[PDB]
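Notes follow once the structure below has been shown.
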2 protein chains.
Amino acid sequence: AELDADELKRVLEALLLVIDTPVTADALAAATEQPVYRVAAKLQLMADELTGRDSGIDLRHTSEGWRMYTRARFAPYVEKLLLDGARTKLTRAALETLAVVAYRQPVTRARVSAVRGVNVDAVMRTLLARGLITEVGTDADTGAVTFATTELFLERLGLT
Amino acid sequence: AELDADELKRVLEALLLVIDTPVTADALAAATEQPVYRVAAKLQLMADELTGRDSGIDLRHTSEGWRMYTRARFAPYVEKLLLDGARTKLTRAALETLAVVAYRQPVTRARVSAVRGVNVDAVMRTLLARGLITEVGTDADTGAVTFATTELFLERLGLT
């Protein structure tokens, strides 16, 4: 069994993909049945090519061995992508109560709770934390804080 | 902010790297601030290029979204690499007792235990499971199984 330059590169790509921690040239060498000097060289050539095209992937060598990393300049994109998981979509109940605030704008939660026919603290909270609505003032007659949809609401929704 | 073809490809490479589960074109689209139709197309072009060069990496689309997978034909290499982790290196104590069996070949563990000056069941076991030694016969005088280094021992060691 023997792998030419192009084959060795392939196998190494497959392997560098499945690892969750750096691997050693020796581990790869053994796994692939090749001389380590050959693997060591190949990894540095594959790393050279990737940074040669400024790939999103950066193959770097550390005391723990070799591993594919995210190229520096792309951190910002990595950050956002993951964070766009922290908060799941809005439930229909939530949109429902969002609409109530939207269409009745200055509204106390007491009227939102009544109009929805249920307690709305959980949904109010999330709507608040997500900046879709906010405290505007208070009701003169009752002294209960009033609410309104933010500007961001007009955005995530459409237009302004 | 705008990314040309080559930039979008880079960002998508960085992102497809950090995920531990399929991502959606929309997630990528949102994360990268582009139209999904553009991302969707790009991913299929990047997947086309990879299988165009029979890469070790295969970008595939599933109901859960897009994700980088190990290309089929390379499974065998993936198997070995991981398995070459299951068993850690041999401790000096182990090599020590291995040498005892090697140099005194037909030997009862009673003589290995005595020669080492300690109980050797744990090391005997691993040496056995790893096929470095095996039961050969018994001692006529005492009826205690005797041991010897296998052929594989001659291999992992050097020559034959």
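Any value given below was found using the heavy atoms of this structure, including those in side chains, with hydrogens, waters and symmetry copies removed. A, B, ... follow the sequence lines: proteins, then strands. Residue 1 opens every chain.
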Q. Should B:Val11 and B:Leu15 be marked as a side-chain contact (heavy atoms from CB on, under 4.5 Å) after you check the CA-CA gap, both sets of side-chain angles, and the distance that decides it?
A. CA-CA 6 Å; B:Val11 181; B:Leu15 306 178; 3.9 Å; yes
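- For B:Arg38, the CZ atom is densely surrounded, since the number of other residues' heavy atoms within 6.0 Å is greater than 12.
- Minimum interatomic distance between A:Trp66 and A:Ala47 (heavy atoms only, all atoms of both residues): CZ3-CB, 4.1 Å.
- Linking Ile, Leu, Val, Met, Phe, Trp and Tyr residues whenever their side-chain heavy atoms come within less than 4.5 Å leaves A:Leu50 and A:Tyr69 in two separate clusters.
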Q | Stepwise side-chain contact (heavy atoms from CB on, under 4.5 Å) check, A:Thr138 with A:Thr108 | A | CA-CA 8 Å; A:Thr138 69; A:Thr108 38; over 6 Å; no
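- Around atom CD of A:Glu7, more than 12 heavy atoms belonging to other residues, nucleotides or ligands sit under 6.0 Å away.
- Residues A:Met68 and B:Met46 are members of one and the same hydrophobic cluster, defined by side-chain heavy-atom contacts under 4.5 angstrom among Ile, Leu, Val, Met, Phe, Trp and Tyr.
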Q: Begin with the C-alpha distance, continue with both residues' side-chain angles, and end with the deciding distance and a verdict on side-chain contact (heavy atoms from CB on, under 4.5 Å) for A:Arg71 and A:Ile57.
A: CA-CA 6 Å; A:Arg71 199 168 291 281; A:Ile57 301 174; over 6 Å; no
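- Residues meeting the side chain to side chain donor-acceptor pair (under 3.5 Å) test with A:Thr70, sequence neighbours left out: none.
- Distance OG1/A:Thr97 to CG/A:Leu127: 5.0 Å, rounded to 0.5 Å.
- In this structure, A:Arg67 contributes its side chain and A:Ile19 its backbone to no donor-acceptor pair below 3.5 Å.
- A:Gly65 and A:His61 get closest at one heavy-atom pair: O-CD2, 3.2 Å.
- Interatomic distance, B:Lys9 NZ to B:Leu43 CG, rounded to the nearest 0.5 Å: 11.5 Å.
- In the hydrophobic clustering of ILVMFWY residues, with side-chain heavy atoms under 4.5 Å counting as a link, B:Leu45 and B:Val39 come out apart.
- Under the 4.5 Å side-chain heavy-atom criterion for grouping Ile, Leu, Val, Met, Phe, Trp and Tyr, A:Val101 is connected to A:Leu154 within one hydrophobic cluster.
- Counting all heavy atoms, side chain and backbone alike, A:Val36 lies closest to A:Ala29 at CG1-CB, 3.5 Å.
- Here the shortest heavy-atom pairing between B:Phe74 and A:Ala14 reads CB-CB, 3.8 Å.
- Residues B:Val145 and B:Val136 fall into different hydrophobic clusters, defined by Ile, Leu, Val, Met, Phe, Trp and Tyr side chains chained together at heavy-atom separations under 4.5 Å.
- Note that the CG atom of B:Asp6 and the CG atom of A:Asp54 stand 10.0 Å from one another [nearest 0.5 Å].
- Put simply, the side chain of A:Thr126 gets close to the backbone of A:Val123: a donor and an acceptor are under 3.5 Å apart.
- A distance of 8.5 Å separates OH in A:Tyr77 from CG in B:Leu8, rounded to the nearest 0.5 Å.
- A 4.5 Å side-chain heavy-atom check between B:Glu2 and B:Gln34 finds at least one atom pair inside the cut-off.
- A salt bridge is absent between A:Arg10 and A:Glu13: the closest approach of a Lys/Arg side-chain nitrogen to an acidic carboxylate oxygen does not fall below 4.0 angstrom.
- At least one side-chain heavy atom of B:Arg156 sits under 4.5 Å from a side-chain heavy atom of B:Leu132.
- Rounded to the nearest 0.5 angstrom, A:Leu98 CG and A:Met124 CE are separated by 9.5 Å.
- At least one donor-acceptor pair closer than 3.5 Å links the side chain of B:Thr91 to the backbone N or O of B:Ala94.
- Applying the 6.0 Å contact sphere to CD of A:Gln105 captures more than 12 heavy atoms from other residues, nucleotides or ligands.
- With rounding to the nearest 0.5 angstrom, the CG atom of A:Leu81 is 9.0 Å from the OG1 atom of B:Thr32.
- A distance-only check finds a donor-acceptor pair linking the side chain of A:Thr150 to the backbone of A:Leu152 [under 3.5 Å].
- A donor-acceptor pair is defined here as one N or O able to donate and one able to accept, closer than 3.5 Å; no such pair exists between the side chain of B:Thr149 and the backbone of B:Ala102.
- Among pairs with a residue in residues 115-137 of chain B, those fulfilling salt bridge (charged side-chain N to carboxylate O under 4.0 Å, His left out) read B:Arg109-B:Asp121, at least two apart in sequence or across chains.
- Within 6.0 Å of the CD atom in A:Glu49, the count of heavy atoms belonging to other residues, nucleotides or ligands exceeds 12.
- A side-chain donor-acceptor contact under 3.5 Å links B:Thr146 to the backbone of B:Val107.
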